[PDB]
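Novice: The structure that follows is given in the form of structure tokens.
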2 protein chains.
Amino acid sequence: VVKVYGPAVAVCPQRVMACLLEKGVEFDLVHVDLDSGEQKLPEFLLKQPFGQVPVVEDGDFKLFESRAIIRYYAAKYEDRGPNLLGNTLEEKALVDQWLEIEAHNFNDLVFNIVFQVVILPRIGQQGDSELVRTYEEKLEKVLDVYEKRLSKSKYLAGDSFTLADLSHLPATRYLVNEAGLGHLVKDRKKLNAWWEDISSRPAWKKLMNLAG
Amino acid sequence: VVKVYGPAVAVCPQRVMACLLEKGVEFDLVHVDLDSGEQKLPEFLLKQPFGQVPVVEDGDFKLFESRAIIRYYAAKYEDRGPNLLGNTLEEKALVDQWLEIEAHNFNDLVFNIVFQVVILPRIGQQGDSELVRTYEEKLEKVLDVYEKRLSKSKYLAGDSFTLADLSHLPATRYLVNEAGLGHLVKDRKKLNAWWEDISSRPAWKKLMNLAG
Ligand SMILES: *SC[C@H](NC(=O)CC[C@H](N)C(=O)O)C(=O)NCC(=O)O
Ligand SMILES: *SC[C@H](NC(=O)CC[C@H](N)C(=O)O)C(=O)NCC(=O)O
């Protein structure tokens, strides 16, 4: 059975969990206590040498980097559940393009907003409000491009839900809830409808209700 | 014929060019003048809506994000030239893992060092030397993990050259030449041998000699 390492409430393990749930892959979650620095202990560094989560162990196979992991399980269980990769090479390419947009243009801004507004105060530290404002300004412009895309396509990589949409679920949920920046989605009609659609998927609702 | 947009001397188009050369894919390079802001003009924003390079046009197919593009051509010409993806799903997964390590752990530090030390002075601006030092400190620790990996494997994803190694070529060359930080590679025996190997590949030598 697949072992997934990391907290269920953290963005990066959530991305992996969402894919496994969508694909109907049974897994065991192994909590890693990030606040206390368990991820930097020698024992865990043998699993993930950069001292980050997630990492998966599946028999004698080990893999880390969340977006590598979701690609692997989407392919390994390609014929089970939803088509998360696309079929033609050109369809697959658009999924890859919007995964790459997620992983830099979007996440570099969004995860750092969540870090400053949510993570730091939770471990008793002050966030940098002026830095957060610079991120917000940049993110408006990034999300204007998302809105343009979603005016022409139901989902980011085409007319169906794929890894590209899935990969946005964890950081976006923190952005529009704990971080109080829901307007970035609500201000944009197509983006908002996309968000309310993908975040209502049964696999995601399951994952978030368990997390609290 | 494939059109690749961007300067031949820029890191991001170089990544794409290296893959096309390795796969024996003919292409036309269309220079985009980044220093003067051509990439932010309406005409180019129709090609790449985030105002960045590269973007490729291949008949009626358009694609951007450099790492999506190299995945696409590695698959489209899978049986031509080198096996850049891996064969089994588990082999493919390790290529993906080390592409993801490149794209955040490594590149977030390396491209920002190159930005500060090389790009900014070239457009008449001062780099932030103290910020560069913080990047260097972090990058030593990242490259210690690369050294550990390369002590156990000839290349990053296995015993053969793949997209994972290829994707490191452009930013690493700037790091160890123009940025004057060659010691980060030279200090590490396995990493240095890996670098001198992959950067001596005919496709890469071709690309860099043309660039000047
Ligand atoms: S969300 C939890 C953190 N993980 C990562 O940042 C992983 C990023 C990788 N690029 C990936 O898997 O996608 C984490 O472990 N935070 C704790 C820490 O000490 O960094
Ligand atoms: S290296 C040239 C710059 N491109 C990118 O930063 C592209 C990053 C993407 N994530 C990718 O394709 O990998 C560039 O265009 N610089 C000029 C600018 O105005 O940003």
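Residue numbering restarts at 1 for every chain of the structure tokens, chains are lettered A, B, ... in their displayed order, and ligands are numbered from 1 as they appear.
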Considering only C-alpha atoms, return as number ranges by chain whatever protein or nucleic-acid residues lie within 8 Å of residue 69 in chain A, sequence-local ones (same chain, fewer than 5 positions apart) excluded.
Specialist: A: 16, 56, 63-64; B: 93, 97
Novice: Restrict the selected residues to C-alpha atoms and save them as a short mmCIF file (atom, residue, chain, number, x, y, z; two decimals), in the first residue's frame.
Specialist:
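Dumped to result_15.cif:
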```
data_model
loop_
_atom_site.label_atom_id
_atom_site.label_comp_id
_atom_site.auth_asym_id
_atom_site.auth_seq_id
_atom_site.Cartn_x
_atom_site.Cartn_y
_atom_site.Cartn_z
CA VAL A 16 -0.66 14.16 -3.83
CA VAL A 56 5.88 8.43 -1.27
CA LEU A 63 9.50 9.21 -5.13
CA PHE A 64 9.35 12.84 -4.08
CA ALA B 93 9.06 9.29 -12.64
CA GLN B 97 11.45 14.16 -9.94
#
```
Novice: Set the distance at 12 Å and use only C-alpha atoms: which residues neighbour residue 37 in chain A once local chain neighbours fewer than 3 positions away are removed? I'd like the list as a list in words.
Specialist: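 Answer for this query is residues 6, 32, 33, 34, 40, 41, 42, 43, 44, 45, 51, 52, 53 and 123 of chain A.
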Novice: Got time to write the residues from that selection, N, CA, C and O atoms, as a PDB file, in the first residue's frame?
Specialist:
```
ATOM      1  N   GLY A   6       3.687  13.317   5.274  1.00  0.00           N
ATOM      2  CA  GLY A   6       3.388  14.725   5.458  1.00  0.00           C
ATOM      3  C   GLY A   6       2.062  14.982   6.153  1.00  0.00           C
ATOM      4  O   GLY A   6       1.204  14.095   6.202  1.00  0.00           O
ATOM      5  N   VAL A  32       3.967  13.954   9.376  1.00  0.00           N
ATOM      6  CA  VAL A  32       5.294  14.464   9.697  1.00  0.00           C
ATOM      7  C   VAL A  32       5.075  15.834  10.318  1.00  0.00           C
ATOM      8  O   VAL A  32       4.357  16.665   9.758  1.00  0.00           O
ATOM      9  N   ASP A  33       5.674  16.071  11.482  1.00  0.00           N
ATOM     10  CA  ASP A  33       5.388  17.274  12.267  1.00  0.00           C
ATOM     11  C   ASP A  33       6.324  18.402  11.832  1.00  0.00           C
ATOM     12  O   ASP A  33       7.468  18.506  12.288  1.00  0.00           O
ATOM     13  N   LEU A  34       5.839  19.225  10.909  1.00  0.00           N
ATOM     14  CA  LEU A  34       6.670  20.255  10.301  1.00  0.00           C
ATOM     15  C   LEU A  34       6.984  21.395  11.273  1.00  0.00           C
ATOM     16  O   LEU A  34       8.060  21.984  11.214  1.00  0.00           O
ATOM     17  N   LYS A  40      13.495  17.753   9.174  1.00  0.00           N
ATOM     18  CA  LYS A  40      14.925  18.016   9.094  1.00  0.00           C
ATOM     19  C   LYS A  40      15.764  16.993   9.881  1.00  0.00           C
ATOM     20  O   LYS A  40      16.992  17.076   9.889  1.00  0.00           O
ATOM     21  N   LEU A  41      15.107  16.024  10.517  1.00  0.00           N
ATOM     22  CA  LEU A  41      15.809  14.967  11.258  1.00  0.00           C
ATOM     23  C   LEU A  41      16.438  13.934  10.314  1.00  0.00           C
ATOM     24  O   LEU A  41      15.854  13.611   9.280  1.00  0.00           O
ATOM     25  N   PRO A  42      17.606  13.373  10.691  1.00  0.00           N
ATOM     26  CA  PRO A  42      18.318  12.393   9.852  1.00  0.00           C
ATOM     27  C   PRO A  42      17.432  11.275   9.311  1.00  0.00           C
ATOM     28  O   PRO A  42      17.580  10.863   8.157  1.00  0.00           O
ATOM     29  N   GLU A  43      16.521  10.776  10.130  1.00  0.00           N
ATOM     30  CA  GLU A  43      15.679   9.668   9.708  1.00  0.00           C
ATOM     31  C   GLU A  43      14.823  10.064   8.491  1.00  0.00           C
ATOM     32  O   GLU A  43      14.690   9.292   7.537  1.00  0.00           O
ATOM     33  N   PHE A  44      14.249  11.261   8.522  1.00  0.00           N
ATOM     34  CA  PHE A  44      13.396  11.669   7.418  1.00  0.00           C
ATOM     35  C   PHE A  44      14.222  12.109   6.215  1.00  0.00           C
ATOM     36  O   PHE A  44      13.791  11.921   5.073  1.00  0.00           O
ATOM     37  N   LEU A  45      15.415  12.648   6.449  1.00  0.00           N
ATOM     38  CA  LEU A  45      16.278  13.062   5.338  1.00  0.00           C
ATOM     39  C   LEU A  45      16.688  11.876   4.474  1.00  0.00           C
ATOM     40  O   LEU A  45      17.040  12.046   3.304  1.00  0.00           O
ATOM     41  N   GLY A  51      14.619  17.611   2.939  1.00  0.00           N
ATOM     42  CA  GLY A  51      13.919  17.875   4.187  1.00  0.00           C
ATOM     43  C   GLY A  51      12.575  18.542   3.982  1.00  0.00           C
ATOM     44  O   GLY A  51      12.214  19.491   4.688  1.00  0.00           O
ATOM     45  N   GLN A  52      11.835  18.038   2.996  1.00  0.00           N
ATOM     46  CA  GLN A  52      10.510  18.540   2.668  1.00  0.00           C
ATOM     47  C   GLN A  52       9.556  17.381   2.445  1.00  0.00           C
ATOM     48  O   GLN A  52       9.988  16.251   2.206  1.00  0.00           O
ATOM     49  N   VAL A  53       8.259  17.681   2.503  1.00  0.00           N
ATOM     50  CA  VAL A  53       7.204  16.706   2.225  1.00  0.00           C
ATOM     51  C   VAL A  53       6.400  17.207   1.030  1.00  0.00           C
ATOM     52  O   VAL A  53       6.269  18.407   0.837  1.00  0.00           O
ATOM     53  N   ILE A 123       2.978  29.946  13.744  1.00  0.00           N
ATOM     54  CA  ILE A 123       4.160  29.573  14.520  1.00  0.00           C
ATOM     55  C   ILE A 123       4.709  30.800  15.254  1.00  0.00           C
ATOM     56  O   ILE A 123       5.895  30.870  15.576  1.00  0.00           O
TER      57      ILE A 123
END
```
Novice: Return as a Markdown table the residues of chain B lying at most 9 Å from ligand 1, together with the closest atom-to-atom pair for each and the distance in Å to one decimal, counting only C-alpha atoms and all ligand atoms, with rows in chain order and ascending residue number.
Specialist:
```
| residue | atom | partner | partner_atom_place_in_ligand_line | distance |
| --- | --- | --- | --- | --- |
| B:100 | CA | ligand 1 | 10 (N) | 6.6 |
| B:101 | CA | ligand 1 | 10 (N) | 6.8 |
| B:103 | CA | ligand 1 | 10 (N) | 8.2 |
| B:104 | CA | ligand 1 | 10 (N) | 6.0 |
| B:105 | CA | ligand 1 | 10 (N) | 7.0 |
```
Novice: Take CA of residue 162 in chain B and CA of residue 74 in chain A and report the distance between them in Å, one decimal.
Specialist: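 Computed distance, CA of residue 162 in chain B to CA of residue 74 in chain A, equals 21.1 Å.
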Novice: Only residues of chain B matter here; which ones have an atom within 8 Å of chain A, counting only C-alpha atoms? Give them as a PDB file with N, CA and C atoms, in the first residue's frame.
Specialist:
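Writing the result to part_32.pdb gives the following:
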```
ATOM      1  N   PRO B  49       0.932  34.799 -23.123  1.00  0.00           N
ATOM      2  CA  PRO B  49       0.132  35.830 -22.443  1.00  0.00           C
ATOM      3  C   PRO B  49       0.718  36.373 -21.143  1.00  0.00           C
ATOM      4  N   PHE B  50       1.771  35.732 -20.638  1.00  0.00           N
ATOM      5  CA  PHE B  50       2.507  36.215 -19.469  1.00  0.00           C
ATOM      6  C   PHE B  50       3.718  37.074 -19.867  1.00  0.00           C
ATOM      7  N   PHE B  61      -0.245  24.291 -33.852  1.00  0.00           N
ATOM      8  CA  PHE B  61      -0.054  24.019 -32.424  1.00  0.00           C
ATOM      9  C   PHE B  61       0.843  25.080 -31.792  1.00  0.00           C
ATOM     10  N   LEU B  63       2.565  26.288 -27.914  1.00  0.00           N
ATOM     11  CA  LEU B  63       2.863  25.805 -26.575  1.00  0.00           C
ATOM     12  C   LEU B  63       3.875  26.711 -25.922  1.00  0.00           C
ATOM     13  N   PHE B  64       3.690  27.012 -24.647  1.00  0.00           N
ATOM     14  CA  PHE B  64       4.722  27.701 -23.882  1.00  0.00           C
ATOM     15  C   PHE B  64       4.987  26.999 -22.548  1.00  0.00           C
ATOM     16  N   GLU B  65       5.856  27.622 -21.740  1.00  0.00           N
ATOM     17  CA  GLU B  65       6.526  27.037 -20.557  1.00  0.00           C
ATOM     18  C   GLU B  65       7.607  26.031 -21.018  1.00  0.00           C
ATOM     19  N   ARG B  67       9.599  23.850 -19.771  1.00  0.00           N
ATOM     20  CA  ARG B  67       9.660  22.457 -19.380  1.00  0.00           C
ATOM     21  C   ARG B  67       8.483  21.647 -19.914  1.00  0.00           C
ATOM     22  N   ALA B  68       7.363  22.289 -20.197  1.00  0.00           N
ATOM     23  CA  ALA B  68       6.316  21.630 -20.970  1.00  0.00           C
ATOM     24  C   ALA B  68       6.740  21.351 -22.407  1.00  0.00           C
ATOM     25  N   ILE B  69       7.418  22.318 -23.016  1.00  0.00           N
ATOM     26  CA  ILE B  69       7.891  22.191 -24.384  1.00  0.00           C
ATOM     27  C   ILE B  69       8.913  21.071 -24.517  1.00  0.00           C
ATOM     28  N   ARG B  71       9.237  18.431 -22.664  1.00  0.00           N
ATOM     29  CA  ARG B  71       8.524  17.173 -22.495  1.00  0.00           C
ATOM     30  C   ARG B  71       7.807  16.786 -23.788  1.00  0.00           C
ATOM     31  N   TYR B  72       7.180  17.761 -24.435  1.00  0.00           N
ATOM     32  CA  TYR B  72       6.404  17.503 -25.652  1.00  0.00           C
ATOM     33  C   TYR B  72       7.285  16.979 -26.781  1.00  0.00           C
ATOM     34  N   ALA B  75       8.688  13.472 -26.282  1.00  0.00           N
ATOM     35  CA  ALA B  75       7.686  12.428 -26.536  1.00  0.00           C
ATOM     36  C   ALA B  75       7.340  12.323 -28.015  1.00  0.00           C
ATOM     37  N   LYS B  76       7.195  13.464 -28.683  1.00  0.00           N
ATOM     38  CA  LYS B  76       6.777  13.476 -30.074  1.00  0.00           C
ATOM     39  C   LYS B  76       7.830  12.793 -30.951  1.00  0.00           C
ATOM     40  N   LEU B  89       7.457   3.464 -16.322  1.00  0.00           N
ATOM     41  CA  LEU B  89       6.829   4.561 -15.597  1.00  0.00           C
ATOM     42  C   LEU B  89       7.692   4.992 -14.424  1.00  0.00           C
ATOM     43  N   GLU B  90       8.402   4.057 -13.800  1.00  0.00           N
ATOM     44  CA  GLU B  90       9.243   4.388 -12.651  1.00  0.00           C
ATOM     45  C   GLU B  90      10.485   5.154 -13.117  1.00  0.00           C
ATOM     46  N   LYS B  92      10.529   7.070 -15.839  1.00  0.00           N
ATOM     47  CA  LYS B  92       9.951   8.361 -16.192  1.00  0.00           C
ATOM     48  C   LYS B  92       9.709   9.221 -14.968  1.00  0.00           C
ATOM     49  N   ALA B  93       9.304   8.590 -13.876  1.00  0.00           N
ATOM     50  CA  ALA B  93       9.062   9.291 -12.639  1.00  0.00           C
ATOM     51  C   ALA B  93      10.323   9.943 -12.059  1.00  0.00           C
ATOM     52  N   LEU B  94      11.446   9.241 -12.121  1.00  0.00           N
ATOM     53  CA  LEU B  94      12.696   9.800 -11.633  1.00  0.00           C
ATOM     54  C   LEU B  94      13.177  10.952 -12.503  1.00  0.00           C
ATOM     55  N   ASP B  96      11.058  12.964 -14.004  1.00  0.00           N
ATOM     56  CA  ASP B  96      10.168  14.016 -13.532  1.00  0.00           C
ATOM     57  C   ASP B  96      10.600  14.577 -12.179  1.00  0.00           C
ATOM     58  N   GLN B  97      10.998  13.705 -11.250  1.00  0.00           N
ATOM     59  CA  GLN B  97      11.447  14.163  -9.945  1.00  0.00           C
ATOM     60  C   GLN B  97      12.620  15.122 -10.079  1.00  0.00           C
ATOM     61  N   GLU B 100      11.737  18.419 -11.480  1.00  0.00           N
ATOM     62  CA  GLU B 100      11.069  19.244 -10.458  1.00  0.00           C
ATOM     63  C   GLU B 100      12.070  19.814  -9.446  1.00  0.00           C
ATOM     64  N   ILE B 101      13.126  19.059  -9.136  1.00  0.00           N
ATOM     65  CA  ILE B 101      14.236  19.536  -8.294  1.00  0.00           C
ATOM     66  C   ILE B 101      14.926  20.680  -9.026  1.00  0.00           C
ATOM     67  N   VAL B 142      21.793  22.705  -1.338  1.00  0.00           N
ATOM     68  CA  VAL B 142      21.092  22.014  -2.418  1.00  0.00           C
ATOM     69  C   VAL B 142      22.086  21.149  -3.194  1.00  0.00           C
ATOM     70  N   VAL B 145      23.162  17.755  -1.886  1.00  0.00           N
ATOM     71  CA  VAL B 145      22.250  16.667  -2.211  1.00  0.00           C
ATOM     72  C   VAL B 145      22.520  16.136  -3.621  1.00  0.00           C
TER      73      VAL B 145
END
```
Novice: Can you tell me which residues surround range 201-207 of chain B at a distance of at most 7 Å, considering only C-alpha atoms, apart from same-chain residues fewer than 3 positions away, and format the answer as a VMD selection string?
Specialist: chain B and resid 18 21 to 22 197 to 198 210 to 211
Novice: Which residues, written as a ChimeraX atom specification, have at least one atom at most 9 Å from residue 151 in chain A, with only C-alpha atoms counted and residues fewer than 5 positions away on the same chain left out?
Specialist: /A:146,189-191
Novice: Find the residues around residue 23 in chain B up to 9 Å (only C-alpha atoms counted), leave out those fewer than 6 positions away in its own chain, and share them as a VMD selection string.
Specialist: chain B and resid 73 to 74 77 to 78 80 to 82 84
Novice: Please produce an output containing N, CA and C atoms for each residue in the selection, written as an mmCIF file, in the first residue's frame.
Specialist:
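Generated file (out.cif):
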```cif
data_model
loop_
_atom_site.group_PDB
_atom_site.id
_atom_site.type_symbol
_atom_site.label_atom_id
_atom_site.label_comp_id
_atom_site.auth_asym_id
_atom_site.auth_seq_id
_atom_site.Cartn_x
_atom_site.Cartn_y
_atom_site.Cartn_z
ATOM 1 N N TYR B 73 8.410 17.642 -27.067
ATOM 2 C CA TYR B 73 9.271 17.197 -28.173
ATOM 3 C C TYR B 73 10.034 15.917 -27.841
ATOM 4 N N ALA B 74 10.310 15.665 -26.568
ATOM 5 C CA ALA B 74 10.940 14.407 -26.174
ATOM 6 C C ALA B 74 9.996 13.237 -26.427
ATOM 7 N N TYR B 77 9.092 12.927 -30.565
ATOM 8 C CA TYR B 77 10.204 12.287 -31.283
ATOM 9 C C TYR B 77 10.906 11.265 -30.408
ATOM 10 N N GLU B 78 10.114 10.549 -29.628
ATOM 11 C CA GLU B 78 10.615 9.577 -28.673
ATOM 12 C C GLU B 78 11.580 8.557 -29.297
ATOM 13 N N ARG B 80 13.413 8.864 -32.026
ATOM 14 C CA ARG B 80 14.524 9.515 -32.708
ATOM 15 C C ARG B 80 15.570 9.959 -31.674
ATOM 16 N N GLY B 81 16.845 9.689 -31.923
ATOM 17 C CA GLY B 81 17.895 10.195 -31.057
ATOM 18 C C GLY B 81 17.847 9.631 -29.648
ATOM 19 N N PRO B 82 18.316 10.411 -28.662
ATOM 20 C CA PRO B 82 18.424 9.886 -27.296
ATOM 21 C C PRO B 82 17.094 9.695 -26.577
ATOM 22 N N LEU B 84 15.265 10.567 -23.850
ATOM 23 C CA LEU B 84 15.323 11.604 -22.842
ATOM 24 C C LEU B 84 14.267 11.491 -21.741
#
```
Novice: List every residue of range 142-175 of chain B that DSSP, applied to the backbone of this structure, assigns to helix (DSSP H, G or I), and report them as a list in words.
Specialist: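 Taking range 142-175 of chain B and keeping helix (DSSP H, G or I) only, one gets residues 142, 143, 144, 145, 146, 147, 148, 149, 150, 151, 152, 163, 164, 165, 166, 169, 170, 171, 172, 173, 174 and 175 of chain B.
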Novice: Pick out the closest residue to residue 115 in chain A from this set: A:167, A:179, A:7, A:35. Count only C-alpha atoms.
Specialist: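 Counting only C-alpha atoms, the residue closest to residue 115 in chain A is A:179.
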Novice: Have a look at CA of residue 17 in chain B and CA of residue 54 in chain B and let me know their distance in Å, one decimal.
Specialist: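 Between CA of residue 17 in chain B and CA of residue 54 in chain B the gap works out to 9.8 Å.
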Novice: As an exercise, work out the distance from CA of residue 38 in chain B to CA of residue 112 in chain B in Å and give it to one decimal place.
Specialist: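 Answer for the CA of residue 38 in chain B to CA of residue 112 in chain B separation: 21.7 Å.
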Novice: Measuring between only C-alpha atoms and all ligand atoms, which one of B:15, B:122, B:154, B:186 shows the shortest distance to ligand 2?
Specialist: B:15
